[PDB]
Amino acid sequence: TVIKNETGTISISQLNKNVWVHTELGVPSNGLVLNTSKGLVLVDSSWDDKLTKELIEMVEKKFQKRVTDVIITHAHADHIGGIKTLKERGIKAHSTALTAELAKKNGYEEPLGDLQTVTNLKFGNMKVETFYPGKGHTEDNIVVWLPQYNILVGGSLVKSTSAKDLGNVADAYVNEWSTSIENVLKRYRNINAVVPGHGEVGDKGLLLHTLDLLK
């Protein structure tokens, strides 16, 4: 089930009953929409305020619920870009402290900086674990794990199956990135789906593919 806006710039696709992938064109970028009994939780918002607001309005219309929380997976403009929108709408913008520090450094309003290396959140019955595996795509990048579904949100740490390019490495720790991905692999022994920063949802093979690119 894939639903879109009128421009086609924003789409949401159901992964399972309560888990949807949101995709926006800024180049596409993925995150998750989690439909919980206590509102909507996003893993990542969008590139900027306009798209972030459109995204929120879309999902809030679709599920007739408040977006309560967003997990920000790193501090780059294309991840922190809708922070003003989140804060004005009373959306809790979770991030690690490092991501918050970097967001400020980039001139952005600060997300919460509440996430620790391992943070388990629960929204109604929806369980969410955030994990900082070490530096890779950026110094601060985290992954998100849905232990009820064994779904891993790789974000920019994980490239898609067709991707031959690691993307922006100006802020990357290319050598460390392999170790960080290994940390994710060691941590989650049974992964089902993995959501890359952009491109189609895959499986653990995406982590391997990314290691291959990094070699």
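So that there is no doubt, residue numbering starts at 1 and follows the sequence shown.
A chain break between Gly26 and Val27 is present, corresponding to 4 to 9 residues of the deposited sequence without coordinates. The PDB entry records a higher mean C-alpha B factor for 1-9 than for its counterpart among 205-213 and 1-9.
Of the two segments examined, 45-53 and 142-150, it is 45-53 that shows the higher average Cα temperature factor in the deposited entry. Across the options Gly90, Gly81, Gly134, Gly113, the residue with the most elevated CA B-factor in the record is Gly81. In this structure the maximum Cα B-factor among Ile71, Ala97, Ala103, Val118 is found at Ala103.
Per the deposited record, the Cα B-factor of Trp177 falls in the lowest third when ranked against the other modelled residues of its chain. The entry lists a Cα temperature factor for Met58 that places it in the highest third of the chain's modelled residues. Remark: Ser162 belongs to the middle third of its chain, ranked by C-alpha B-factor as recorded. Ranked within its chain, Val19 lands in the middle third, by CA B factor from the PDB record. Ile191: CA B factor lies in the highest third for its chain, per the PDB record.
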